[PDB]
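Contents: one structure, followed by commentary.
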Amino acid sequence: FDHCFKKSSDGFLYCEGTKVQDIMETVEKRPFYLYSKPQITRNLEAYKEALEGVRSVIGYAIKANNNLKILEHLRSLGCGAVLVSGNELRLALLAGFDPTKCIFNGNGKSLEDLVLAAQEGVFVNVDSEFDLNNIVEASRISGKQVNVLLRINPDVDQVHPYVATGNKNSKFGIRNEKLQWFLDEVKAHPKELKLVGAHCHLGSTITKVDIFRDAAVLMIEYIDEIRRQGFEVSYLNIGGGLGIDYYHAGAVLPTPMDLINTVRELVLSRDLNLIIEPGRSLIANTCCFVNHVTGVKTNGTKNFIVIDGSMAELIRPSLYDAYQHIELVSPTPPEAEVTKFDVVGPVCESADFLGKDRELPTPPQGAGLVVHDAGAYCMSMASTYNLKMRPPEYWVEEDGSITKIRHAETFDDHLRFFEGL
Amino acid sequence: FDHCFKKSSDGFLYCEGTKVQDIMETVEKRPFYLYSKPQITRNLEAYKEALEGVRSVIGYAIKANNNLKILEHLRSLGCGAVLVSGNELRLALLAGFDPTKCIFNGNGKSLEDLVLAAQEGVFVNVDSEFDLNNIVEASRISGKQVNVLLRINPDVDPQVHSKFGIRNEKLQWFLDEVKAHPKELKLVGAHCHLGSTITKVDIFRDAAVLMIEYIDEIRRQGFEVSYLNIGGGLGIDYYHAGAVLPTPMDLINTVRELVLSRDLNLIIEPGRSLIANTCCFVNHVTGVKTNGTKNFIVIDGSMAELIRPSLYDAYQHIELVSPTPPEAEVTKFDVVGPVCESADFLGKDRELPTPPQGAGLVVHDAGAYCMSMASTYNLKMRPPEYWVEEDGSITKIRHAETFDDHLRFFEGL
Ligand SMILES: Cc1ncc(COP(=O)(O)O)c(C[NH2+]CCCC[C@H](N)C(=O)O)c1O
């Protein structure tokens, strides 16, 4: 297993060379998210090495994790920013992203947000007829021409239905039979639009690189037709959606190299800039959600590890029936009875669980427990549900040092919303 | 059909005689949750009326909605508070709630939260052996006796695996463990939780009948038991199909005479039934698109402000706020937000007229487990909250979250 979070022979969990027990003891006894900064570097360098010889933008999907320190680090390594909202663009500019490496996607881009997009000069995809009319009005208000990409549905349908974005009947991209309508409209707005490319995103947790190859071939047919109607196209955006190993049992998964190798010769043969939009595959595997065990109990013949963390800070398992690996931070006295636990949070409800049916040694009270691979769509999807206030974030750097990269939310951060009313 | 949000003859949606269209013009052009403060009042008065002549606590789940102004209004009317965390307890005390009308539930009550619970004189429902030991240690740290209730398990489990019952083997152990800790624990009653949505009043009656036999035996064994906490909500008509639903009167009519015969104080938990149908999530239509077989109304609101339909497969009624132009196509729509995954939907297969851009659209019955679960996914910052008063006036009960709120987490880091 290649992974930044490793259980020594001793039975201690480490993040790089630092013992998680040790960090747990130097921080507030409430849940926290812990990152390896080095694993962030390693994840980008795999894509950068994969894209050698291809003119390319690596678009970090900011939706996956919006920690300002993490954006600042990805941006220093030459990363681009993919953006689904105006606040995401705003954060991308404070992080110091180059606007000509930013791409603004979405199926409901507001006029106020398209105006910011236009004045800053970012790429803007085109998802619908109403989107186009909005991007046109945005250009008028901003007085800047807008580099657009047609987001096109390739009609390519094997992934959780809540993260399937390329399929027939998703809310994403234009109709295929209506491509000509978009090309005619763009040519009718030479002041306001400059068509520079085609965009697709197929979904998330994809583990089958064939679907990227089959997609890229359909996208090159459309770029070839667009080029022949006299449009100057520089860019193909195949998006993100590359999966990672959530199961921690040595599974061999498609690398960034495997993914680029499927479209390398087709892209090079058309002298296209490739835009990739990885979120999960850049950030997910760099991070544990660190909990304390509260107690252990039994309803009839299921068994329960009750932890301080919950669906408030980490909703992915409940929301998608997703597996994230669970294991203890410190070694157990070996007279404990290894049996099958459901791992649940302090909220009394059936959706408040972080994993089901997990063979583990019975933990003592106050024992560290982690959920692995919680760098993506975990903190970013977090609520204050049951007033479990959002956790702090720490990372481990090259030198073995521990730095807080996000203040913990307090109960006072809830009262701020009612001051003076 | 009967509701605080009604379409009139003029084809406009009203909230206690105020047009939602005129409210939308007063507030910022972004999604917002809108409540009828009077429907909150009616819903509570219905329980209060059903509980008259019965010693009782109407226990409101702060879990379902933790707006301070709404907590203070429910407290002003004699409402109790059901708590699942330290912070919810801190907030019940701020909102002026009576600690003799607070109960603290949960499978993971931290030691530190129980200390606060013990200092403040709130009831504690006991979940497990590790919960009891936690409670005793909370007593020794606080220096305060903790009033506790023991679990009773009814017949509800659809799964199928001393003088009580085959499903209540451990209760005697719990009584003896409580008797062994007199300075630290005082048993004051018995709790149990039924299905999330009670449809049949008979399931309440039967749970009550069972727990009264247990409390009789608990009283025979030398304990001073005063309280019966039967947690369970009545159903909400989420389809506005005008269905058959039992009223609070019908429910409490089933236990009234047995509870009076024993002089028990009945703690009911109607949190959902109290706030759910008082509230609309109000949106602006961004635009209408189509992909193959499906049509979409795209709104400004999202799974970031309202995850319930995505997370629980949940139907909530949707309709436009104002009349449509005559030419507008009536046709099936999914209603979706702008967040970049297919989980971001508020409703599916909804026969609506085709809204113009900027048109008001509501998701109904967004009172419970909606704002309380809001996130900042896609940095969609959390919406402000408004209510209509008795007089028809519009008052803000929560400030909108701003981007600088996200930025404050990184200050000096
Ligand atoms: C247009 C667009 N580009 C890139 C991405 C990033 O995808 P990934 O992180 O590389 O997989 C997206 C993302 N979209 C939706 C996926 C939701 C995931 C869900 N919260 C989960 O399973 O946790 C995109 O839309």
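Ordered as shown in the structure tokens, chains take letters A, B, and onward, while each chain numbers its residues from 1 and ligands are numbered from 1 in the order shown.
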Neighbours of chain A in chain B at 7 Å, counting only C-alpha atoms, as a PyMOL selection string: chain B and resi 63+68+84-85+87-88+106-110+128+130+286-287+289+291-294+296+298+311+337-338+340-343+372-379+397-399+403+409-410+413
Exercise: residue 49 of chain A partners within 10 Å, only C-alpha atoms, chain neighbours under 5 positions left out, as a PyMOL selection string: chain A and resi 44+256-257
All residues 12 Å or closer to residue 51 of chain A, only C-alpha atoms, same chain fewer than 5 positions away omitted, as a ChimeraX atom specification: /A:44-46,56-58,256-265,267-268,273-276
Exercise: residue 206 of chain A partners within 7 Å, only C-alpha atoms, chain neighbours under 5 positions left out, as a ChimeraX atom specification: /A:159,241-243
Export, as an mmCIF file, in the first residue's frame, the selected residues with N, CA and C atoms.
```cif
data_model
loop_
_atom_site.group_PDB
_atom_site.id
_atom_site.type_symbol
_atom_site.label_atom_id
_atom_site.label_comp_id
_atom_site.auth_asym_id
_atom_site.auth_seq_id
_atom_site.Cartn_x
_atom_site.Cartn_y
_atom_site.Cartn_z
ATOM 1 N N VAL A 159 -21.183 4.352 -11.895
ATOM 2 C CA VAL A 159 -20.756 5.311 -10.822
ATOM 3 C C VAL A 159 -22.026 5.704 -10.030
ATOM 4 N N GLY A 241 -12.749 13.480 -12.123
ATOM 5 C CA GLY A 241 -13.530 12.254 -11.864
ATOM 6 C C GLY A 241 -12.677 11.002 -11.700
ATOM 7 N N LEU A 242 -11.353 11.110 -11.584
ATOM 8 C CA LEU A 242 -10.508 9.919 -11.372
ATOM 9 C C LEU A 242 -10.624 9.506 -9.907
ATOM 10 N N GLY A 243 -10.892 8.216 -9.682
ATOM 11 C CA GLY A 243 -11.075 7.641 -8.345
ATOM 12 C C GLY A 243 -9.756 7.308 -7.684
#
```
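For the atom pair formed by atom CA of residue 317 of chain B and atom CA of residue 359 of chain B, the distance is 16.9 Å, given to one decimal.
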8 Å contact set for residue 295 of chain B, only C-alpha atoms, chain neighbours under 3 positions out, as an NGL selection string: :B and (288-291 or 332-334)
Surrounding residues of residue 251 of chain B excluding itself and chain neighbours under 3 positions, 6 Å, only C-alpha atoms, as an NGL selection string: :B and (201 or 248 or 254)
For segment 224-240 of chain B, find every residue with an atom within 6 Å (counting only C-alpha atoms), except residues of its own chain fewer than 2 positions away, and show them as a tab-separated table (two decimals) with N, CA, C and O atoms, in the first residue's frame.
```tsv
chain	number	residue	atom	x	y	z
B	1	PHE	N	-54.39	20.52	2.44
B	1	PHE	CA	-55.06	21.73	1.84
B	1	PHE	C	-55.05	22.90	2.82
B	1	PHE	O	-54.93	24.07	2.37
B	188	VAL	N	-36.02	9.37	38.13
B	188	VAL	CA	-37.32	10.13	38.16
B	188	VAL	C	-38.31	9.61	37.10
B	188	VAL	O	-39.46	10.14	37.07
B	189	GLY	N	-37.93	8.64	36.26
B	189	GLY	CA	-38.89	8.07	35.30
B	189	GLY	C	-38.29	7.17	34.25
B	189	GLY	O	-37.22	6.62	34.43
B	190	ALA	N	-39.05	6.99	33.18
B	190	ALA	CA	-38.81	5.99	32.12
B	190	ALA	C	-38.97	6.67	30.76
B	190	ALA	O	-39.96	7.41	30.62
B	191	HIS	N	-38.04	6.44	29.83
B	191	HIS	CA	-38.14	6.96	28.44
B	191	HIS	C	-38.15	5.80	27.43
B	191	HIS	O	-37.66	4.71	27.75
B	192	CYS	N	-38.74	6.04	26.26
B	192	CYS	CA	-38.62	5.19	25.07
B	192	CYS	C	-38.90	6.05	23.85
B	192	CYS	O	-39.59	7.08	24.00
B	193	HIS	N	-38.39	5.64	22.69
B	193	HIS	CA	-38.59	6.34	21.40
B	193	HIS	C	-39.28	5.39	20.44
B	193	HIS	O	-38.93	4.20	20.42
B	194	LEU	N	-40.29	5.89	19.74
B	194	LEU	CA	-41.06	5.14	18.73
B	194	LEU	C	-40.53	5.61	17.37
B	194	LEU	O	-39.74	6.59	17.38
B	196	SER	N	-40.05	7.46	13.83
B	196	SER	CA	-39.88	8.91	13.55
B	196	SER	C	-41.23	9.56	13.23
B	196	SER	O	-41.46	10.70	13.69
B	197	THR	N	-42.08	8.86	12.46
B	197	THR	CA	-43.45	9.29	12.05
B	197	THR	C	-44.48	8.27	12.57
B	197	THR	O	-44.60	7.18	11.95
B	198	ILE	N	-45.18	8.61	13.67
B	198	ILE	CA	-46.39	7.89	14.18
B	198	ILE	C	-47.56	8.20	13.24
B	198	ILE	O	-47.89	9.40	13.05
B	199	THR	N	-48.15	7.15	12.66
B	199	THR	CA	-49.33	7.25	11.76
B	199	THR	C	-50.57	6.72	12.49
B	199	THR	O	-51.64	7.34	12.35
B	242	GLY	N	-54.27	16.49	1.32
B	242	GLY	CA	-55.36	16.66	2.30
B	242	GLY	C	-55.71	15.35	2.99
B	242	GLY	O	-56.91	15.14	3.27
B	264	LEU	N	-48.69	10.56	36.64
B	264	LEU	CA	-47.43	10.73	35.89
B	264	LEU	C	-47.43	12.06	35.14
B	264	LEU	O	-48.52	12.53	34.71
B	265	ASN	N	-46.25	12.65	35.02
B	265	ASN	CA	-45.97	13.80	34.14
B	265	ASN	C	-45.39	13.28	32.81
B	265	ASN	O	-44.28	12.73	32.80
B	266	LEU	N	-46.16	13.45	31.73
B	266	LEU	CA	-45.93	12.87	30.38
B	266	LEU	C	-45.11	13.86	29.57
B	266	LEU	O	-45.61	14.96	29.26
B	267	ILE	N	-43.87	13.50	29.25
B	267	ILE	CA	-42.99	14.31	28.37
B	267	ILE	C	-43.17	13.74	26.96
B	267	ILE	O	-42.71	12.61	26.72
B	268	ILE	N	-43.89	14.47	26.11
B	268	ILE	CA	-43.98	14.18	24.65
B	268	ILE	C	-42.92	15.00	23.92
B	268	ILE	O	-42.48	16.06	24.44
B	269	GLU	N	-42.47	14.51	22.76
B	269	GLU	CA	-41.48	15.18	21.88
B	269	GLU	C	-42.09	15.35	20.49
B	269	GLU	O	-41.93	14.49	19.63
B	270	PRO	N	-42.85	16.44	20.24
B	270	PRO	CA	-43.42	16.69	18.91
B	270	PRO	C	-42.63	17.68	18.03
B	270	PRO	O	-43.25	18.36	17.22
B	316	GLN	N	-40.92	17.12	-0.73
B	316	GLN	CA	-41.48	18.38	-0.21
B	316	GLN	C	-42.15	19.09	-1.37
B	316	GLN	O	-41.54	19.20	-2.44
B	317	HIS	N	-43.37	19.55	-1.15
B	317	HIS	CA	-44.21	20.20	-2.17
B	317	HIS	C	-43.49	21.45	-2.67
B	317	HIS	O	-42.86	22.10	-1.85
```
Strand (DSSP E) residues, from DSSP on the backbone, in segment 59-155 of chain B, as an MDAnalysis selection string: chainID B and resid 59:61 80:83 102:104 123:125 146:151
Keeping only N, CA and C atoms, take the residues you just selected and write them out as an mmCIF file, in the first residue's frame.
```cif
data_model
loop_
_atom_site.group_PDB
_atom_site.id
_atom_site.type_symbol
_atom_site.label_atom_id
_atom_site.label_comp_id
_atom_site.auth_asym_id
_atom_site.auth_seq_id
_atom_site.Cartn_x
_atom_site.Cartn_y
_atom_site.Cartn_z
ATOM 1 N N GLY B 59 -41.876 18.602 24.842
ATOM 2 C CA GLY B 59 -40.418 18.664 24.633
ATOM 3 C C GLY B 59 -40.066 18.950 23.184
ATOM 4 N N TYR B 60 -39.542 20.135 22.894
ATOM 5 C CA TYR B 60 -39.183 20.541 21.508
ATOM 6 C C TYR B 60 -37.722 20.166 21.185
ATOM 7 N N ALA B 61 -37.500 19.385 20.121
ATOM 8 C CA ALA B 61 -36.151 18.956 19.646
ATOM 9 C C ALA B 61 -35.391 20.150 19.045
ATOM 10 N N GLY B 80 -41.109 22.784 26.550
ATOM 11 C CA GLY B 80 -39.858 22.160 27.013
ATOM 12 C C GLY B 80 -38.846 22.032 25.887
ATOM 13 N N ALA B 81 -37.673 21.487 26.191
ATOM 14 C CA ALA B 81 -36.525 21.364 25.266
ATOM 15 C C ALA B 81 -35.877 19.986 25.449
ATOM 16 N N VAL B 82 -35.789 19.253 24.337
ATOM 17 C CA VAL B 82 -35.026 17.991 24.129
ATOM 18 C C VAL B 82 -33.664 18.347 23.536
ATOM 19 N N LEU B 83 -32.588 17.893 24.178
ATOM 20 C CA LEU B 83 -31.196 18.292 23.857
ATOM 21 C C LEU B 83 -30.419 17.035 23.463
ATOM 22 N N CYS B 102 -36.094 20.601 30.534
ATOM 23 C CA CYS B 102 -35.050 20.102 29.597
ATOM 24 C C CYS B 102 -34.754 18.613 29.873
ATOM 25 N N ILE B 103 -34.693 17.797 28.810
ATOM 26 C CA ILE B 103 -34.155 16.406 28.847
ATOM 27 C C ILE B 103 -33.013 16.298 27.842
ATOM 28 N N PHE B 104 -31.973 15.576 28.223
ATOM 29 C CA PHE B 104 -30.720 15.423 27.459
ATOM 30 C C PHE B 104 -30.645 13.964 27.032
ATOM 31 N N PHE B 123 -32.894 17.009 33.182
ATOM 32 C CA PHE B 123 -33.061 15.542 33.139
ATOM 33 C C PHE B 123 -32.047 14.997 32.143
ATOM 34 N N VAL B 124 -31.612 13.777 32.431
ATOM 35 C CA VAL B 124 -30.682 12.973 31.600
ATOM 36 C C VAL B 124 -31.345 11.612 31.346
ATOM 37 N N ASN B 125 -31.600 11.281 30.082
ATOM 38 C CA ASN B 125 -32.073 9.944 29.647
ATOM 39 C C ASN B 125 -30.858 9.028 29.525
ATOM 40 N N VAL B 146 -27.843 13.952 39.849
ATOM 41 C CA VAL B 146 -28.418 13.972 38.481
ATOM 42 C C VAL B 146 -29.729 13.186 38.515
ATOM 43 N N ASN B 147 -30.799 13.844 38.079
ATOM 44 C CA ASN B 147 -32.124 13.228 37.867
ATOM 45 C C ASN B 147 -32.061 12.471 36.537
ATOM 46 N N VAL B 148 -32.335 11.166 36.514
ATOM 47 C CA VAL B 148 -32.123 10.260 35.353
ATOM 48 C C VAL B 148 -33.410 9.471 35.102
ATOM 49 N N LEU B 149 -33.639 9.070 33.849
ATOM 50 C CA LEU B 149 -34.738 8.163 33.434
ATOM 51 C C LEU B 149 -34.081 6.959 32.782
ATOM 52 N N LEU B 150 -34.666 5.774 32.910
ATOM 53 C CA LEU B 150 -34.111 4.528 32.320
ATOM 54 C C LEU B 150 -34.849 4.228 31.031
ATOM 55 N N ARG B 151 -34.146 3.592 30.095
ATOM 56 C CA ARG B 151 -34.720 3.125 28.812
ATOM 57 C C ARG B 151 -35.736 1.997 29.033
#
```
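Our summary of the geometry notes that atom CA of residue 321 of chain B is positioned 24.2 Å from atom CA of residue 273 of chain B.
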Best match for closeness to residue 47 of chain A among A:290, A:376, A:79, A:236, counting only C-alpha atoms: A:79
Atom-to-atom span, atom CA of residue 145 of chain B and atom CA of residue 184 of chain B, Å: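 Computing the Euclidean distance for atom CA of residue 145 of chain B and atom CA of residue 184 of chain B yields 4.5 Å.
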DSSP alpha helix (DSSP H) residues within segment 230-364 of chain B, listed as a PyMOL selection string: chain B and resi 248-253+256-262+271-275+308-312
Nearest to ligand 1 by atom-to-atom distance, counting only C-alpha atoms and all ligand atoms, from B:52, B:389, B:344, B:137: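 Closest candidate: B:344.
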